[PDB]
Amino acid sequence: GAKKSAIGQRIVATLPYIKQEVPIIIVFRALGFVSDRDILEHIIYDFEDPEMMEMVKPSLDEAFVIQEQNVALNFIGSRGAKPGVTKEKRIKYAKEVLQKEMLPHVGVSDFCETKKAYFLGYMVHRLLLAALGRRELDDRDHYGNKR
Amino acid sequence: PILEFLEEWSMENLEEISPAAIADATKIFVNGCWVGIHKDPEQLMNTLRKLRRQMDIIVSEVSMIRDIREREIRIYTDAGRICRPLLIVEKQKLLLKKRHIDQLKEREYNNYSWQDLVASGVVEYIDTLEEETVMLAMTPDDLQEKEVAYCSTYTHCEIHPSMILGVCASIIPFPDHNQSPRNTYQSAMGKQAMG
Amino acid sequence: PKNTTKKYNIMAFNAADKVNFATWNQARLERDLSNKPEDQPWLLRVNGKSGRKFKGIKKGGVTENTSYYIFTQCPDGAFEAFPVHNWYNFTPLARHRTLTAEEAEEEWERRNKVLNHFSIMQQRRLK
Amino acid sequence: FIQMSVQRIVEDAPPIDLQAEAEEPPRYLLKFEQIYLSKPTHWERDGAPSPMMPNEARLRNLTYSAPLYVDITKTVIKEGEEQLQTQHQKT
Amino acid sequence: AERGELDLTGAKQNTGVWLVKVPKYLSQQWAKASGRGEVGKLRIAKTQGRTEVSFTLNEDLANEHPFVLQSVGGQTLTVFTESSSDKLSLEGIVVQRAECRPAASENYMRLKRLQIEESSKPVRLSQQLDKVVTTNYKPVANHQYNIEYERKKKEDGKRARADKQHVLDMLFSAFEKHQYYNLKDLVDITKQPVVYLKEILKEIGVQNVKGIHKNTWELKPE
Amino acid sequence: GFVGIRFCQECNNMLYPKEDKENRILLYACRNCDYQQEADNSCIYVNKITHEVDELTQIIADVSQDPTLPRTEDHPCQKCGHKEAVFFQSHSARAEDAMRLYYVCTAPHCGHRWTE
Ligand SMILES: [Zn+2]
Ligand SMILES: [Zn+2]
C-alpha cells in the first residue's frame, strides 16, 4: 500500500469449505504450531538462506493479532458457511475443516497435524522458490502432469 | 509394500526426523504424500529399480523419479499414467542378448512370453515423469557406438521408433516422406473407408 | 519380565527449545487437562507454576511402519528391550506470556499498525 | 474395477446403524461382507435364467449385465441380552 | 496415592539408554518366542572390530549386531514408563539410535514373501459364480409381519375402561416432567383407547396449541 | 549480510529491530514478549536488486549423477586434476542474460563447481 509497501508479498491460503482467503501463518498456528520459529522451520529449511527468510517476513507481520491455537481456529471458523454463535462451535467447525477437508491425502486421522503442517510448508516452500526464481513454473500441457 | 520397504531401508519417517535435518533433502514422496527423508539418494534409486526389474514393487507402472537438483524422489502408484516399454542400456550395451531373441522366436513351443522378457529385466515400463530423467537412443545400431561422443551415459533405448504412431496412422506407408497435415488427413480418412 | 505390562513412551523435544538441562528440578507430567477423552494431549509443567510449560501430541506412524524396541543398558547382568507404546513430541507452550484472545478483531495490518505496539499499549491496559 | 474396486467400495462403507426411536429399545446393525458376481444372465418372460450371449443382446436390444450379490449380516442387539447374528447370504 | 497428577517422574539422573529400530518380524520372533524376559541372550560383547564394541545381543535367535548406528536428534529422546500402576516415574535419556537393516542380500525379498504368506494374503477381492437361486423366496407370510400379528394376539387397541378418576393421579406427579403431555404420552401410561381418553381430556384440560416446548395437552389446575 | 531472523531466546517469535531512545544503540527487541537484546550487525534490510554471481552457489553437487547432462573431458577440475566435468547453463528464472556454462566435477566426493 501507499503507506507501508514493504510487505507487498503476502502469502495467503485458500481452503476448502472456507469462503475468504486465510493468511498462511494463521493456518499453521491453527494446526498446532504457534511459535513463529516453529512455523518458519516447516516452511524454510536452510535458515542461513537470507532470501526466503526475508520473503516470509510479510506473512509473519500480517498476523500478530492471532497468536494462540484456539484464536487461530476462531479466525478460520469466522469464515465458515455458518459459524453459529458459540466459540466452541466455530472451534469445532475449523477443526473439522482442517481435519477432513484441507489436504485429505496426507491424512484424515486426529494424529496428523504435523504431517499436514509439513506438507503445507512444502507448498509454501515451492511457492517461495517460484517467487525467487530457482525452480521453474510448472506446465499444464506436460503430459506427466495429466492422468 | 513400497512404504514398508522404504521404512526398512533407512527412510526416516517424517515425524521422527530432527526437523532441521531436512537439508538431507531427499524428500521421498509416494503417490504425492511425504513419507520421510533419506540421506543416500543414489543408493536408494539403484535399489528401487533393481527391485522393479524383478519383483517386489509391481513391474508395471510404479514410477521412480529422482529429481536431482530439486532433491526429490517421487514414486507414483496410481491409475492414469501413460507408460511405454523401453529397453535398458547398462554401460553402453543393451541388456537384450541373442539368447532372449532366440527364446522369443520359438514362442509357441516355449512358455517364454513378453512377461518373461519383463521378468528378466531387459524391458521396463517408463512413464512420462520418469522419461525426463532418462537418456534414450533411437536405434542401437547407432547411438551406442564410438565417435566424437554425443552421450556416453545412455539409460534406455527405443524398441522401434515406428511405435510413436497410433493405429490409424500405422496404415500410411512411408509416413516420413509425407507432409504432416497430410498424415493427419489420412488418419482421418482411414476411419471412413469401406471393408 | 514380559509379563510386566508397564508401557514405555517417547518424550521428544525440538532442538529449538533448551532440553531439561537438569535445571528442571522436579515436575514432569500431566496427561488429562486437555479434556476441552481417554487419549488427549499431555500438558506438562516445570517445578510448579514458575517454569516453562509444554504439550505433547502423539505420533501418527509409530507401530504400523516398524516397531521401535527400546534396548536399554540395564546395569545388571542382563539386557531388556521394550516395545514403545506410543511416541509424542513436546512443544513449549502455555504461552509463558499474555495472549490476545479478543484483540477487538483488529484490522489486518491495513491500518498503520505501528509495530512494537498493540502489546506495549497492552500490558498497560490492565495495569 | 470389478475385482478390487467394487469390494473396496462396499467394505469401506460404514455399518448402517439403526436404533428404535419409538428401556433401551432394540438396536439394529448391518454390515456388508464379500461381493459375489455372476455370469451375464437373462430372465425370459417365464423367469428362467439363461446365459445371455453377446450376439443375442445385440439382436434383442438387451444389456450385457451381470447380477451383483453381497453378503449382508444383521445383528439384533436388544435389552442388554445376547445377539442374533443371522448372516442373510448372497443377496 | 491420589496421583491426580504425578508431575515428578522421578530421577534427575537420567542414566542414558539407546533407541533402536528393530525389524517387524524378527522382533516378533524375539518376543513371542518365549517369556524369558525380553533378554534372550543379551550382554555386551567384548571385541576390537573396526574400533567397535560388538554385542552378544541374540543373533542365534533368528528363527555390531547387523544393525547400524545413528546419532542424536532433537532432544535425544527422553523415555518414561506409563505403567499399569497409577504412575511411577521417568527413565533416562536416549544416547543413540540403531537401525534394523537386514543382515544380508536378497533374503529380504524372501522375507517380504514371508510377510505375504503370514499376513495371509490380506485383500478381499470379488468372486465369480454359476448363479444364485435362493434370493427372494416363497413365504406364506413374511416373518416380521408374522410376529407383529402374533403380538397383536396379546391385546386390542380398542381397549376397555372403568376408572375415570385414575387419570388425574399420574398427571399430578408427572406434569413436572411435561406440563403438557402428548396423547401418545398419556396412552401408554394409561391402558385406554384414544377416543375415550380424548373425551375425558376435553373435560379435564386444554391443548396448548402454541407452547414453548411443543403443542399438546395442558391442564386446568382444578 | 542480515541474519534473516534471530528468534527470541524466550518466546520464539522473530526478534525485530527497535531503537534504544535512551542510550542510542541498536536493539532487536521482540514484540509478543518483552525480551530485548543488543545487535551485532547494523543492517536491518538488504535487498540488492539485480543479483550476484550466485549460480556458482545453488548448484548442488549431486548433479554429477545425472545421465541427461553433458560430460566434457576438456576443462578439467581445478580442485583435483580429474577429468570428466558435467556442465549446464544457469537453469534459473533470471537467465542473467548469459549462456554461462557452469561445470561440476564427476569424480565422487570432489564436488567442485566453477564457471569459465
Ligand atoms: Zn520470546
Ligand atoms: Zn574434481
# chains A, B, ... in the order shown; residues from 1 in each chain; ligands from 1
$ interface_residues --of "chain A" --to "chain C" --cutoff "6 Å" --atoms "only C-alpha atoms" --output "ChimeraX atom specification"
/A:62,71,111-112
$ residues_around --residues "region 99-109 of chain A" --least-positions-apart "5" --cutoff "9 Å" --atoms "only C-alpha atoms" --output "list in words"
residues 15, 16, 17, 94, 115, 116, 119 and 120 of chain A; 32, 33 and 34 of chain B; 60 of chain C
$ atom_distance --atom1 "CA of residue 159 (chain E)" --atom2 "CA of residue 174 (chain E)"
23.2 Å
$ residues_around --residues "residue 73 (chain F)" --least-positions-apart "2" --cutoff "12 Å" --atoms "only C-alpha atoms" --output "tab-separated table (two decimals) with C-alpha atoms, in the first residue's frame"
chain	number	residue	atom	x	y	z
B	148	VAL	CA	33.05	-37.83	-31.07
B	149	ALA	CA	30.98	-38.62	-28.02
B	152	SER	CA	28.36	-41.79	-23.12
F	70	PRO	CA	26.72	-33.36	-20.92
F	71	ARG	CA	30.16	-34.63	-20.00
F	75	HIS	CA	38.15	-28.20	-18.97
F	76	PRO	CA	39.37	-30.42	-16.11
F	77	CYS	CA	38.68	-29.85	-12.44
F	81	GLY	CA	43.35	-32.96	-11.53
F	82	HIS	CA	40.42	-35.17	-12.51
F	83	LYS	CA	38.84	-35.04	-15.96
F	84	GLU	CA	35.18	-35.55	-16.85
F	85	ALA	CA	33.22	-32.49	-15.69
F	86	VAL	CA	29.46	-32.16	-16.22
F	87	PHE	CA	28.27	-28.78	-17.47
F	103	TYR	CA	30.77	-27.06	-14.64
F	104	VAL	CA	30.85	-29.60	-11.83
F	105	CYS	CA	33.31	-32.42	-11.26
F	106	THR	CA	32.16	-36.01	-11.66
$ residues_near_ligand --ligand "ligand 1" --cutoff "9 Å" --atoms "only C-alpha atoms and all ligand atoms" --output "list in words"
residues 96 and 97 of chain C; 7, 8, 9, 10, 11, 12, 13, 14, 15, 30, 31, 32, 33, 34, 35 and 36 of chain F
$ select_by_dssp --residues "chain A" --states "strand (DSSP E)" --output "VMD selection string"
chain A and resid 12 to 15 18 to 23
$ residues_around --residues "residue 9 (chain A)" --least-positions-apart "6" --cutoff "9 Å" --atoms "only C-alpha atoms" --output "PyMOL selection string"
chain A and resi 55-56+58-59
$ select_by_dssp --residues "chain F" --states "helix (DSSP H, G or I)" --output "JSON, numbers by chain"
{"F": [61, 62, 63, 64, 65]}
$ write_last_selection --atoms "N, CA, C and O atoms" --output "mmCIF file, in the first residue's frame"
data_model
loop_
_atom_site.group_PDB
_atom_site.id
_atom_site.type_symbol
_atom_site.label_atom_id
_atom_site.label_comp_id
_atom_site.auth_asym_id
_atom_site.auth_seq_id
_atom_site.Cartn_x
_atom_site.Cartn_y
_atom_site.Cartn_z
ATOM 1 N N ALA F 61 25.898 -30.535 -5.530
ATOM 2 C CA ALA F 61 26.966 -31.361 -6.075
ATOM 3 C C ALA F 61 26.445 -32.658 -6.669
ATOM 4 O O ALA F 61 27.108 -33.238 -7.533
ATOM 5 N N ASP F 62 25.282 -33.126 -6.229
ATOM 6 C CA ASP F 62 24.776 -34.411 -6.686
ATOM 7 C C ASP F 62 24.373 -34.414 -8.155
ATOM 8 O O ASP F 62 23.993 -35.474 -8.664
ATOM 9 N N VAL F 63 24.455 -33.280 -8.849
ATOM 10 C CA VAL F 63 24.023 -33.240 -10.241
ATOM 11 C C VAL F 63 24.982 -33.981 -11.154
ATOM 12 O O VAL F 63 24.650 -34.239 -12.313
ATOM 13 N N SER F 64 26.167 -34.333 -10.663
ATOM 14 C CA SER F 64 27.096 -35.106 -11.480
ATOM 15 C C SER F 64 26.561 -36.501 -11.746
ATOM 16 O O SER F 64 27.054 -37.207 -12.632
ATOM 17 N N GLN F 65 25.548 -36.922 -10.987
ATOM 18 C CA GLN F 65 24.929 -38.228 -11.162
ATOM 19 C C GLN F 65 23.843 -38.237 -12.226
ATOM 20 O O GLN F 65 23.193 -39.270 -12.406
#
$ interface_residues --of "chain C" --to "chain E" --cutoff "6 Å" --atoms "only C-alpha atoms" --output "PyMOL selection string"
chain C and resi 1-2+6-15+26-30+66+68-70+72-73+78-81
$ interface_residues --of "chain D" --to "chain E" --cutoff "8 Å" --atoms "only C-alpha atoms" --output "ChimeraX atom specification"
/D:2-4,6-8,34-39,90-91
$ residues_around --residues "region 16-26 of chain D" --least-positions-apart "4" --cutoff "10 Å" --atoms "only C-alpha atoms" --output "JSON, numbers by chain"
{"D": [30, 31, 32, 74, 76, 77, 78, 79, 80]}
$ atom_distance --atom1 "CA of residue 12 (chain B)" --atom2 "CA of residue 37 (chain B)"
5.7 Å
$ interface_residues --of "chain B" --to "chain C" --cutoff "10 Å" --atoms "only C-alpha atoms" --output "MDAnalysis selection string"
chainID B and resid 3:8 13:16 18:20
$ write_last_selection --atoms "N, CA, C and O atoms" --output "compact mmCIF listing (two decimals), in the first residue's frame"
# COMPACT_ATOMS: atom_id res chain seq x y z
N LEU B 3 5.93 -48.54 0.81
CA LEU B 3 6.06 -47.84 2.08
C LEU B 3 6.84 -48.68 3.08
O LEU B 3 7.74 -48.17 3.76
N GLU B 4 6.53 -49.97 3.15
CA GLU B 4 7.25 -50.84 4.08
C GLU B 4 8.72 -50.94 3.71
O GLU B 4 9.59 -50.84 4.58
N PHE B 5 9.03 -51.14 2.42
CA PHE B 5 10.42 -51.29 2.03
C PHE B 5 11.20 -50.01 2.27
O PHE B 5 12.36 -50.05 2.70
N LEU B 6 10.58 -48.86 1.99
CA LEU B 6 11.23 -47.60 2.29
C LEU B 6 11.52 -47.46 3.77
O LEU B 6 12.61 -47.03 4.15
N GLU B 7 10.56 -47.83 4.62
CA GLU B 7 10.81 -47.82 6.06
C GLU B 7 11.97 -48.74 6.41
O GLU B 7 12.78 -48.43 7.29
N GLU B 8 12.09 -49.87 5.72
CA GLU B 8 13.13 -50.84 6.03
C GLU B 8 14.48 -50.49 5.41
O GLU B 8 15.46 -51.17 5.70
N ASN B 13 10.99 -41.73 9.03
CA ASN B 13 9.64 -41.19 8.98
C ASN B 13 9.64 -39.72 9.36
O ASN B 13 10.39 -39.28 10.24
N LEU B 14 8.78 -38.96 8.70
CA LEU B 14 8.81 -37.51 8.81
C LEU B 14 8.62 -37.05 10.25
O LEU B 14 9.10 -35.97 10.63
N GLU B 15 7.94 -37.85 11.06
CA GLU B 15 7.67 -37.45 12.44
C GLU B 15 8.88 -37.67 13.33
O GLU B 15 9.07 -36.95 14.32
N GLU B 16 9.72 -38.65 13.00
CA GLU B 16 10.90 -38.91 13.82
C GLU B 16 12.01 -37.91 13.56
O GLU B 16 12.73 -37.53 14.49
N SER B 18 14.75 -35.15 13.10
CA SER B 18 15.04 -33.84 13.65
C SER B 18 14.72 -32.80 12.59
O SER B 18 15.26 -32.87 11.47
N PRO B 19 13.86 -31.83 12.87
CA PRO B 19 13.27 -31.05 11.78
C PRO B 19 14.28 -30.21 11.03
O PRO B 19 14.00 -29.81 9.89
N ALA B 20 15.45 -29.96 11.58
CA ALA B 20 16.47 -29.22 10.87
C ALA B 20 17.33 -30.11 9.99
O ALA B 20 18.16 -29.59 9.23
$ residues_around --residues "region 108-120 of chain B" --least-positions-apart "3" --cutoff "9 Å" --atoms "only C-alpha atoms" --output "list in words"
residues 53, 54, 55, 59, 96, 100, 103, 104, 105, 123, 124 and 125 of chain B
$ write_last_selection --atoms "N, CA and C atoms" --output "PDB file, in the first residue's frame"
ATOM      1  N   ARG B  53      12.873 -54.290 -11.471  1.00  0.00           N
ATOM      2  CA  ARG B  53      13.246 -55.141 -12.581  1.00  0.00           C
ATOM      3  C   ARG B  53      13.189 -56.624 -12.245  1.00  0.00           C
ATOM      4  N   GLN B  54      12.865 -57.007 -11.009  1.00  0.00           N
ATOM      5  CA  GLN B  54      12.481 -58.402 -10.841  1.00  0.00           C
ATOM      6  C   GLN B  54      11.061 -58.588 -10.315  1.00  0.00           C
ATOM      7  N   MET B  55      10.864 -58.470  -8.993  1.00  0.00           N
ATOM      8  CA  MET B  55       9.557 -58.380  -8.332  1.00  0.00           C
ATOM      9  C   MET B  55       9.679 -58.010  -6.855  1.00  0.00           C
ATOM     10  N   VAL B  59       6.110 -54.607 -11.379  1.00  0.00           N
ATOM     11  CA  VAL B  59       6.944 -54.315 -12.542  1.00  0.00           C
ATOM     12  C   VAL B  59       6.205 -53.398 -13.501  1.00  0.00           C
ATOM     13  N   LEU B  96      19.291 -56.724 -23.696  1.00  0.00           N
ATOM     14  CA  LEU B  96      18.812 -57.732 -24.629  1.00  0.00           C
ATOM     15  C   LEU B  96      19.979 -58.399 -25.342  1.00  0.00           C
ATOM     16  N   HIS B 100      17.738 -63.993 -25.629  1.00  0.00           N
ATOM     17  CA  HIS B 100      16.354 -63.577 -25.454  1.00  0.00           C
ATOM     18  C   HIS B 100      15.596 -63.624 -26.772  1.00  0.00           C
ATOM     19  N   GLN B 103      14.931 -67.239 -27.659  1.00  0.00           N
ATOM     20  CA  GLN B 103      13.865 -67.812 -26.850  1.00  0.00           C
ATOM     21  C   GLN B 103      12.505 -67.275 -27.271  1.00  0.00           C
ATOM     22  N   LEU B 104      12.438 -65.995 -27.635  1.00  0.00           N
ATOM     23  CA  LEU B 104      11.166 -65.409 -28.036  1.00  0.00           C
ATOM     24  C   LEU B 104      10.752 -65.885 -29.419  1.00  0.00           C
ATOM     25  N   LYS B 105      11.725 -66.154 -30.289  1.00  0.00           N
ATOM     26  CA  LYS B 105      11.409 -66.636 -31.628  1.00  0.00           C
ATOM     27  C   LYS B 105      10.644 -67.949 -31.574  1.00  0.00           C
ATOM     28  N   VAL B 123      13.439 -55.111 -20.417  1.00  0.00           N
ATOM     29  CA  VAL B 123      12.441 -54.148 -20.857  1.00  0.00           C
ATOM     30  C   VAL B 123      11.662 -53.702 -19.631  1.00  0.00           C
ATOM     31  N   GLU B 124      11.571 -52.399 -19.418  1.00  0.00           N
ATOM     32  CA  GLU B 124      10.823 -51.864 -18.295  1.00  0.00           C
ATOM     33  C   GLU B 124       9.880 -50.780 -18.782  1.00  0.00           C
ATOM     34  N   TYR B 125       8.860 -50.489 -17.987  1.00  0.00           N
ATOM     35  CA  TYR B 125       7.859 -49.509 -18.364  1.00  0.00           C
ATOM     36  C   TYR B 125       8.238 -48.154 -17.793  1.00  0.00           C
TER      37      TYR B 125
END
$ closest_residue --among "B:78, B:106, B:141, B:158" --to "chain A" --atoms "only C-alpha atoms"
B:78
$ residues_around --residues "residue 39 (chain F)" --least-positions-apart "5" --cutoff "8 Å" --atoms "only C-alpha atoms" --output "list in words"
residues 26, 27 and 28 of chain F
$ closest_residue --among "B:146, B:191, B:66, B:50" --to "chain F" --atoms "only C-alpha atoms"
B:66
$ interface_residues --of "chain A" --to "chain B" --cutoff "12 Å" --atoms "only C-alpha atoms" --output "MDAnalysis selection string"
chainID A and resid 37:49 103:107 111:123 125:126 129 134:136 142:147
